[PDB]
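Undergrad: Please find one structure pasted underneath; my questions will follow.
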Amino acid sequence: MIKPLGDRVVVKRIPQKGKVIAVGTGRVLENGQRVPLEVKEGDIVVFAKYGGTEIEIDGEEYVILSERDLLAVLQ
Amino acid sequence: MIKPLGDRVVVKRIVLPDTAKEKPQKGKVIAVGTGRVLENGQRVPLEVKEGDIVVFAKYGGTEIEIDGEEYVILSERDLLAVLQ
Amino acid sequence: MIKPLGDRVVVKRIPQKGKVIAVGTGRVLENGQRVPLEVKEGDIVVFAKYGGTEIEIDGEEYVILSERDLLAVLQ
Amino acid sequence: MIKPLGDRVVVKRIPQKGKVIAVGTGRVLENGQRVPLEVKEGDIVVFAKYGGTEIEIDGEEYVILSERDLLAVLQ
Amino acid sequence: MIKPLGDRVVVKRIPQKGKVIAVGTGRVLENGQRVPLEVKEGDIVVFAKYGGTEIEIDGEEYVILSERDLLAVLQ
Amino acid sequence: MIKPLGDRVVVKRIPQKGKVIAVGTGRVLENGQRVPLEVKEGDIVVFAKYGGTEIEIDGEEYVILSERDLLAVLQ
Amino acid sequence: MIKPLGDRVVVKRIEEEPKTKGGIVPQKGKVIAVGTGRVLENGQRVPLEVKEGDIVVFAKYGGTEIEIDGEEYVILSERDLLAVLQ
């Protein structure tokens, strides 16, 4: 469906709480290695207010966020 | 036709409140660059390919018109996600 | 409960004093290595006033702070 | 004639279109490696409006631009 | 007592003059390497006015400071 | 006379044109390597207008420019 | 006396010569102390390119003013030193 690029994730909104519905491939380091995102689909994350980009698709609103904007996972 | 350089791509873009347009953009990738080069000489290829439908920051990238057709050159960092 | 992401920790507030209750996995370096946080659960850390993110859950308050915001440990 | 220095090129004007007439030796990396420019002479490049340094030589108008300002090659 | 974290030090006040009474583990480089502080306990340092964090403990006042805020050592 | 430091050169003015009369030792890379300046004494270089630092000494005027400010060589 | 830390130097400023058009109409300074230099990501420490005695030219307004014993000095970073006058 939605494939976030790089070090990003797609979350359905609910400090902010959102449900991780899609995760990117993560950040690339200078040595070429690709660091995997630290959150998986399903996870409820807390992110910075006003952080990320709002994106409406099929009446559904999501928020694309960068891993660095993800504060914690609520579990 | 239009060969994007480096870490870029070329996409063909795709009552109520008027501010209902200040939302994201969808485009079709029609050309992709060679991507970014790292301090160790390695070249990281773009993550998108021709055909992909990407979403990108509104007002982002550069508008270029050729033969009456409009295209948008965007850096890989401006591509939010691919819609598939 | 609250899993801090990356180079962060979760503290219970007590300059600001707080008790560390959860610690992230630490910062990732360009060479791929992961640097552990320099604090552990139980530690009483000192952080900059107005620093961090206030989060509330079930009436309890917590502060999500990143390592760079941790000035010192009182021990 | 004009010899662009480093990660630069000289282009005769025509978003801006210009024709590459001279290329530099390219950018130097922190590992001493030198990355050649991605365009060659004769190439028609597109570059950021108001970007680069305008230089007139013998009633002629060129623009000295650095590779990071070259968006694409029109071919 | 007060354990400075990372690239910091705790000085007791006397541009500002203070006595280093505790030093941190220093800054971590992108290759993992850890750079020790360039001052040691006892050093009288000159530091940026309004720089660092004031912390009082048992009627005593201290200043937590980053290595970058330490101008020089008076000796 | 005037020894440019690091990644710099000293030119005598004439987009600005100037004759390179003194060259610095160049930029030091994170790997310890020292990349030499691309220009040499004698070279007429072209640099942005308002760029560089104007220095007067014994009535004679000069300009100190860092390598990143040297756009190209005229020859 | 003063030991600059890191990539710094302590210079005593020098007042420029007065201009006279009948009446009397960038900085210079003497390096008096130099730090150990900048450190690189590979651990290496790059020595400062100036030494004590050197007269250096530096950005006007650049640096930190520190008075010490009625004497004024300027604490500067190596990157702020344009050139040596010799």
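Identifiers in the structure tokens: chain A, B, ... in order shown; residue index from 1 per chain; ligand index from 1 in order shown.
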Might you pull out every residue within 12 Å of residue 72 in chain F, with only C-alpha atoms counted and same-chain residues fewer than 5 positions away left off, and present them as an mmCIF file with N, CA and C atoms, in the first residue's frame?
TA:
data_model
loop_
_atom_site.group_PDB
_atom_site.id
_atom_site.type_symbol
_atom_site.label_atom_id
_atom_site.label_comp_id
_atom_site.auth_asym_id
_atom_site.auth_seq_id
_atom_site.Cartn_x
_atom_site.Cartn_y
_atom_site.Cartn_z
ATOM 1 N N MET D 1 41.195 28.503 -21.570
ATOM 2 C CA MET D 1 40.374 29.738 -21.374
ATOM 3 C C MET D 1 40.039 29.797 -19.889
ATOM 4 N N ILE D 2 38.802 29.456 -19.517
ATOM 5 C CA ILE D 2 38.404 29.459 -18.115
ATOM 6 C C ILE D 2 38.555 28.048 -17.644
ATOM 7 N N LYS D 3 39.152 27.868 -16.483
ATOM 8 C CA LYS D 3 39.324 26.538 -15.959
ATOM 9 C C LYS D 3 38.550 26.478 -14.647
ATOM 10 N N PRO D 4 37.387 25.791 -14.636
ATOM 11 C CA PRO D 4 36.611 25.711 -13.394
ATOM 12 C C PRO D 4 37.446 24.984 -12.362
ATOM 13 N N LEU D 5 37.382 25.446 -11.118
ATOM 14 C CA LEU D 5 38.125 24.830 -10.031
ATOM 15 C C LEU D 5 37.273 23.895 -9.199
ATOM 16 N N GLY D 6 37.833 22.721 -8.950
ATOM 17 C CA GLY D 6 37.144 21.735 -8.146
ATOM 18 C C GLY D 6 35.886 21.129 -8.718
ATOM 19 N N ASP D 7 34.865 21.087 -7.878
ATOM 20 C CA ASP D 7 33.569 20.515 -8.212
ATOM 21 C C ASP D 7 32.724 21.481 -9.019
ATOM 22 N N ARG D 8 33.317 22.076 -10.048
ATOM 23 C CA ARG D 8 32.596 23.042 -10.855
ATOM 24 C C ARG D 8 32.689 22.888 -12.366
ATOM 25 N N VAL D 9 31.816 23.611 -13.067
ATOM 26 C CA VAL D 9 31.783 23.628 -14.530
ATOM 27 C C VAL D 9 31.502 25.042 -15.035
ATOM 28 N N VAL D 10 31.778 25.293 -16.311
ATOM 29 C CA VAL D 10 31.468 26.590 -16.893
ATOM 30 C C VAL D 10 30.467 26.276 -17.976
ATOM 31 N N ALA D 22 33.277 23.490 -20.104
ATOM 32 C CA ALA D 22 34.493 23.152 -19.355
ATOM 33 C C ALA D 22 34.125 22.600 -17.986
ATOM 34 N N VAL D 23 34.744 21.487 -17.611
ATOM 35 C CA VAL D 23 34.442 20.870 -16.327
ATOM 36 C C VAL D 23 35.643 20.917 -15.406
ATOM 37 N N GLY D 24 35.370 20.887 -14.104
ATOM 38 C CA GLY D 24 36.433 20.921 -13.121
ATOM 39 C C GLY D 24 36.967 19.530 -12.899
ATOM 40 N N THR D 25 37.766 19.352 -11.857
ATOM 41 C CA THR D 25 38.331 18.047 -11.532
ATOM 42 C C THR D 25 37.443 17.286 -10.549
ATOM 43 N N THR D 53 27.670 31.715 -10.507
ATOM 44 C CA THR D 53 28.289 33.031 -10.689
ATOM 45 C C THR D 53 28.372 33.391 -12.177
ATOM 46 N N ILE D 55 29.718 35.284 -15.323
ATOM 47 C CA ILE D 55 31.013 35.845 -15.689
ATOM 48 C C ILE D 55 30.966 36.164 -17.172
ATOM 49 N N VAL D 63 28.236 31.104 -17.027
ATOM 50 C CA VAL D 63 27.883 30.952 -15.639
ATOM 51 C C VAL D 63 28.726 29.836 -15.066
ATOM 52 N N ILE D 64 29.407 30.130 -13.962
ATOM 53 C CA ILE D 64 30.236 29.134 -13.291
ATOM 54 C C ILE D 64 29.334 28.522 -12.248
ATOM 55 N N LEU D 65 29.105 27.226 -12.358
ATOM 56 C CA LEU D 65 28.220 26.546 -11.442
ATOM 57 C C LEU D 65 28.920 25.360 -10.842
ATOM 58 N N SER D 66 28.545 25.007 -9.614
ATOM 59 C CA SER D 66 29.136 23.834 -8.983
ATOM 60 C C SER D 66 28.187 22.663 -9.227
ATOM 61 N N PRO F 15 32.004 39.456 -10.275
ATOM 62 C CA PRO F 15 33.137 38.525 -10.279
ATOM 63 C C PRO F 15 34.410 39.331 -10.159
ATOM 64 N N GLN F 16 35.353 38.863 -9.357
ATOM 65 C CA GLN F 16 36.610 39.564 -9.188
ATOM 66 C C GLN F 16 37.731 38.709 -9.730
ATOM 67 N N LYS F 17 38.803 39.354 -10.162
ATOM 68 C CA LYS F 17 39.955 38.631 -10.659
ATOM 69 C C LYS F 17 41.102 39.038 -9.742
ATOM 70 N N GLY F 18 42.049 38.139 -9.543
ATOM 71 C CA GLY F 18 43.170 38.457 -8.694
ATOM 72 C C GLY F 18 44.295 37.506 -8.995
ATOM 73 N N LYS F 19 45.510 37.922 -8.678
ATOM 74 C CA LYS F 19 46.664 37.091 -8.916
ATOM 75 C C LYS F 19 46.995 36.400 -7.615
ATOM 76 N N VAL F 20 47.117 35.092 -7.665
ATOM 77 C CA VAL F 20 47.444 34.338 -6.472
ATOM 78 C C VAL F 20 48.909 34.597 -6.189
ATOM 79 N N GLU F 38 44.469 23.845 -5.216
ATOM 80 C CA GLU F 38 44.460 23.620 -6.656
ATOM 81 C C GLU F 38 45.161 24.755 -7.418
ATOM 82 N N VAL F 39 45.207 25.946 -6.841
ATOM 83 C CA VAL F 39 45.842 27.068 -7.504
ATOM 84 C C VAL F 39 47.291 27.217 -7.078
ATOM 85 N N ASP F 43 48.681 32.281 -10.915
ATOM 86 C CA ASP F 43 47.333 32.026 -11.407
ATOM 87 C C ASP F 43 46.351 33.150 -11.187
ATOM 88 N N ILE F 44 45.682 33.575 -12.247
ATOM 89 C CA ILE F 44 44.672 34.598 -12.076
ATOM 90 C C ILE F 44 43.444 33.761 -11.760
ATOM 91 N N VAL F 45 42.865 33.995 -10.590
ATOM 92 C CA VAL F 45 41.684 33.255 -10.171
ATOM 93 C C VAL F 45 40.491 34.190 -10.233
ATOM 94 N N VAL F 46 39.296 33.616 -10.288
ATOM 95 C CA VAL F 46 38.046 34.379 -10.311
ATOM 96 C C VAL F 46 37.327 34.022 -9.027
ATOM 97 N N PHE F 47 36.898 35.024 -8.275
ATOM 98 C CA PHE F 47 36.189 34.753 -7.038
ATOM 99 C C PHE F 47 34.978 35.639 -6.921
ATOM 100 N N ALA F 48 34.000 35.203 -6.149
ATOM 101 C CA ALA F 48 32.775 35.974 -5.978
ATOM 102 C C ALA F 48 33.050 37.381 -5.470
ATOM 103 N N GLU F 67 39.903 28.410 -0.211
ATOM 104 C CA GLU F 67 39.778 27.684 -1.451
ATOM 105 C C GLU F 67 38.370 27.560 -1.939
#
Undergrad: As a short mmCIF file (atom, residue, chain, number, x, y, z; two decimals) with N, CA and C atoms, in the first residue's frame, please: chain F after a least-squares superposition onto chain A using all C-alpha atoms matched in order.
TA:
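Generated output (part.cif):
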data_model
loop_
_atom_site.label_atom_id
_atom_site.label_comp_id
_atom_site.auth_asym_id
_atom_site.auth_seq_id
_atom_site.Cartn_x
_atom_site.Cartn_y
_atom_site.Cartn_z
N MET F 1 0.73 -0.18 -0.02
CA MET F 1 -0.19 1.00 -0.02
C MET F 1 0.67 2.24 -0.05
N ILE F 2 1.16 2.65 1.12
CA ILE F 2 2.06 3.80 1.23
C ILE F 2 3.41 3.27 1.71
N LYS F 3 4.38 3.25 0.81
CA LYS F 3 5.73 2.76 1.12
C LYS F 3 6.61 3.92 1.61
N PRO F 4 6.92 3.96 2.92
CA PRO F 4 7.75 5.05 3.44
C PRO F 4 9.14 4.92 2.83
N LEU F 5 9.76 6.04 2.51
CA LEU F 5 11.08 5.93 1.91
C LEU F 5 12.18 6.19 2.90
N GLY F 6 13.21 5.37 2.80
CA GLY F 6 14.35 5.52 3.66
C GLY F 6 14.11 5.33 5.14
N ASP F 7 14.54 6.31 5.89
CA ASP F 7 14.45 6.30 7.34
C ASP F 7 13.09 6.75 7.85
N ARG F 8 12.03 6.24 7.24
CA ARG F 8 10.70 6.68 7.65
C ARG F 8 9.69 5.60 7.93
N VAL F 9 8.56 6.00 8.51
CA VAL F 9 7.46 5.09 8.80
C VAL F 9 6.16 5.80 8.54
N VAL F 10 5.08 5.04 8.40
CA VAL F 10 3.76 5.63 8.23
C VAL F 10 2.94 5.16 9.43
N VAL F 11 2.29 6.11 10.10
CA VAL F 11 1.46 5.75 11.25
C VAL F 11 0.06 6.27 11.06
N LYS F 12 -0.86 5.70 11.82
CA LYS F 12 -2.24 6.14 11.80
C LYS F 12 -2.36 6.80 13.16
N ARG F 13 -2.66 8.09 13.18
CA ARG F 13 -2.77 8.79 14.46
C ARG F 13 -3.84 8.15 15.37
N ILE F 14 -3.86 8.52 16.65
CA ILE F 14 -4.85 7.97 17.57
C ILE F 14 -5.56 9.04 18.41
N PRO F 15 2.22 15.71 22.72
CA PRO F 15 2.71 14.39 22.31
C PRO F 15 1.60 13.69 21.56
N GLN F 16 1.95 13.01 20.47
CA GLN F 16 0.95 12.30 19.69
C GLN F 16 1.23 10.82 19.76
N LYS F 17 0.19 10.02 19.60
CA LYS F 17 0.35 8.58 19.61
C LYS F 17 -0.14 8.12 18.24
N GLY F 18 0.43 7.04 17.74
CA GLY F 18 0.01 6.54 16.45
C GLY F 18 0.44 5.11 16.32
N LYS F 19 -0.24 4.37 15.46
CA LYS F 19 0.08 2.98 15.24
C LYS F 19 0.95 2.91 14.01
N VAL F 20 2.09 2.27 14.14
CA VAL F 20 2.99 2.13 13.02
C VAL F 20 2.37 1.11 12.09
N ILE F 21 2.11 1.50 10.84
CA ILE F 21 1.52 0.56 9.87
C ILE F 21 2.42 0.22 8.67
N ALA F 22 3.40 1.07 8.40
CA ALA F 22 4.35 0.83 7.30
C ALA F 22 5.75 1.25 7.75
N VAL F 23 6.77 0.46 7.42
CA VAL F 23 8.11 0.86 7.82
C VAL F 23 9.03 0.94 6.63
N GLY F 24 9.92 1.93 6.67
CA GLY F 24 10.86 2.12 5.59
C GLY F 24 12.05 1.20 5.76
N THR F 25 12.96 1.27 4.80
CA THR F 25 14.14 0.43 4.81
C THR F 25 15.23 0.92 5.76
N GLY F 26 15.06 2.13 6.28
CA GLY F 26 16.04 2.64 7.22
C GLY F 26 17.14 3.52 6.70
N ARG F 27 17.96 3.99 7.63
CA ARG F 27 19.08 4.88 7.36
C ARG F 27 20.29 4.15 6.80
N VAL F 28 20.95 4.77 5.83
CA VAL F 28 22.15 4.20 5.24
C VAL F 28 23.35 4.93 5.83
N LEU F 29 24.29 4.16 6.38
CA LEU F 29 25.49 4.72 6.99
C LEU F 29 26.59 4.96 5.96
N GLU F 30 27.51 5.86 6.29
CA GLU F 30 28.59 6.19 5.38
C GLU F 30 29.42 4.98 4.98
N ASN F 31 29.32 3.90 5.76
CA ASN F 31 30.08 2.69 5.45
C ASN F 31 29.23 1.73 4.61
N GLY F 32 28.17 2.27 4.01
CA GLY F 32 27.28 1.46 3.18
C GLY F 32 26.23 0.64 3.90
N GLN F 33 26.38 0.46 5.22
CA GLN F 33 25.43 -0.31 6.02
C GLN F 33 24.08 0.35 6.17
N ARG F 34 23.03 -0.47 6.21
CA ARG F 34 21.67 0.04 6.36
C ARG F 34 21.06 -0.35 7.72
N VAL F 35 20.99 0.63 8.63
CA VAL F 35 20.43 0.43 9.97
C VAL F 35 18.89 0.40 9.90
N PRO F 36 18.29 -0.75 10.24
CA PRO F 36 16.83 -0.94 10.22
C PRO F 36 16.09 -0.08 11.24
N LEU F 37 14.81 0.17 10.99
CA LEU F 37 14.02 0.96 11.93
C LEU F 37 13.81 0.17 13.22
N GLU F 38 13.82 0.87 14.35
CA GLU F 38 13.64 0.25 15.66
C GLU F 38 12.18 -0.16 15.90
N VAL F 39 11.24 0.49 15.24
CA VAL F 39 9.84 0.17 15.43
C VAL F 39 9.36 -0.83 14.39
N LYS F 40 8.26 -1.52 14.68
CA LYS F 40 7.68 -2.48 13.74
C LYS F 40 6.19 -2.23 13.62
N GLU F 41 5.54 -2.85 12.64
CA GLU F 41 4.10 -2.67 12.47
C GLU F 41 3.36 -3.10 13.73
N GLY F 42 2.42 -2.28 14.17
CA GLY F 42 1.66 -2.61 15.36
C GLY F 42 2.00 -1.72 16.54
N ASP F 43 3.28 -1.38 16.64
CA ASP F 43 3.81 -0.53 17.70
C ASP F 43 3.16 0.82 17.83
N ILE F 44 2.70 1.16 19.02
CA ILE F 44 2.13 2.48 19.21
C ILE F 44 3.37 3.29 19.56
N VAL F 45 3.66 4.30 18.75
CA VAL F 45 4.82 5.15 18.98
C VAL F 45 4.33 6.50 19.47
N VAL F 46 5.22 7.25 20.11
CA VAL F 46 4.91 8.60 20.61
C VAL F 46 5.81 9.53 19.82
N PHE F 47 5.24 10.57 19.24
CA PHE F 47 6.04 11.51 18.48
C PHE F 47 5.65 12.93 18.82
N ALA F 48 6.57 13.86 18.61
CA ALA F 48 6.30 15.26 18.92
C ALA F 48 5.07 15.78 18.20
N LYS F 49 4.40 16.72 18.84
CA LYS F 49 3.20 17.36 18.29
C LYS F 49 3.66 18.25 17.14
N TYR F 50 2.95 18.22 16.01
CA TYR F 50 3.29 19.00 14.82
C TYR F 50 4.40 18.36 13.99
N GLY F 51 4.87 17.21 14.46
CA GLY F 51 5.92 16.49 13.77
C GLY F 51 5.30 15.64 12.68
N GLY F 52 6.12 15.14 11.76
CA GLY F 52 5.60 14.33 10.68
C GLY F 52 4.85 15.11 9.61
N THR F 53 4.51 14.43 8.52
CA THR F 53 3.78 15.01 7.40
C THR F 53 2.42 14.33 7.31
N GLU F 54 1.37 15.13 7.32
CA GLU F 54 0.00 14.65 7.20
C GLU F 54 -0.32 14.30 5.76
N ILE F 55 -0.76 13.08 5.51
CA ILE F 55 -1.08 12.72 4.15
C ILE F 55 -2.47 12.12 4.12
N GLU F 56 -3.31 12.61 3.22
CA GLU F 56 -4.65 12.05 3.11
C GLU F 56 -4.80 11.24 1.82
N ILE F 57 -5.50 10.12 1.94
CA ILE F 57 -5.70 9.25 0.80
C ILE F 57 -7.01 8.53 1.05
N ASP F 58 -7.95 8.72 0.13
CA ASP F 58 -9.26 8.10 0.22
C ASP F 58 -9.95 8.42 1.55
N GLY F 59 -9.87 9.67 1.97
CA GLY F 59 -10.53 10.06 3.20
C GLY F 59 -9.81 9.65 4.46
N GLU F 60 -8.96 8.63 4.35
CA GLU F 60 -8.19 8.17 5.49
C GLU F 60 -6.99 9.07 5.68
N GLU F 61 -6.66 9.38 6.93
CA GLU F 61 -5.50 10.21 7.18
C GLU F 61 -4.35 9.43 7.76
N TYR F 62 -3.14 9.86 7.44
CA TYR F 62 -1.94 9.21 7.93
C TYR F 62 -0.88 10.24 8.24
N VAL F 63 0.21 9.79 8.84
CA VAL F 63 1.31 10.67 9.15
C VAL F 63 2.59 9.95 8.76
N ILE F 64 3.48 10.65 8.06
CA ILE F 64 4.77 10.06 7.69
C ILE F 64 5.76 10.68 8.65
N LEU F 65 6.54 9.85 9.31
CA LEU F 65 7.50 10.34 10.28
C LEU F 65 8.85 9.73 10.02
N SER F 66 9.90 10.48 10.28
CA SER F 66 11.23 9.94 10.09
C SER F 66 11.61 9.39 11.44
N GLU F 67 12.46 8.38 11.44
CA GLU F 67 12.83 7.74 12.67
C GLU F 67 13.26 8.68 13.75
N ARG F 68 13.95 9.75 13.39
CA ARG F 68 14.39 10.65 14.44
C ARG F 68 13.25 11.35 15.13
N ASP F 69 12.05 11.20 14.59
CA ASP F 69 10.90 11.85 15.19
C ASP F 69 10.11 10.95 16.12
N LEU F 70 10.44 9.67 16.12
CA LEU F 70 9.79 8.71 16.97
C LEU F 70 10.50 8.70 18.34
N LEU F 71 9.84 9.25 19.36
CA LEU F 71 10.38 9.34 20.72
C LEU F 71 10.40 8.03 21.51
N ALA F 72 9.30 7.29 21.47
CA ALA F 72 9.22 6.04 22.21
C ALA F 72 8.04 5.19 21.78
N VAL F 73 8.05 3.93 22.23
CA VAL F 73 6.98 2.97 21.96
C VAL F 73 6.16 2.71 23.23
N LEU F 74 4.83 2.75 23.13
CA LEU F 74 3.95 2.47 24.28
C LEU F 74 3.51 1.00 24.29
N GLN F 75 3.89 0.29 25.34
CA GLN F 75 3.54 -1.12 25.47
C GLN F 75 3.41 -1.61 26.92
#
Undergrad: Quick one: pick out all strand (DSSP E or B) residues within chain C from a backbone DSSP run and write them as an MDAnalysis selection string.
TA: chainID C and resid 2:4 8:13 16:23 27:28 34:35 44:47 53:57 60:66 70:74
Undergrad: Rounded to one decimal, what separation in Å do you get between CA of residue 64 in chain G and CA of residue 16 in chain G?
TA: 19.4 Å
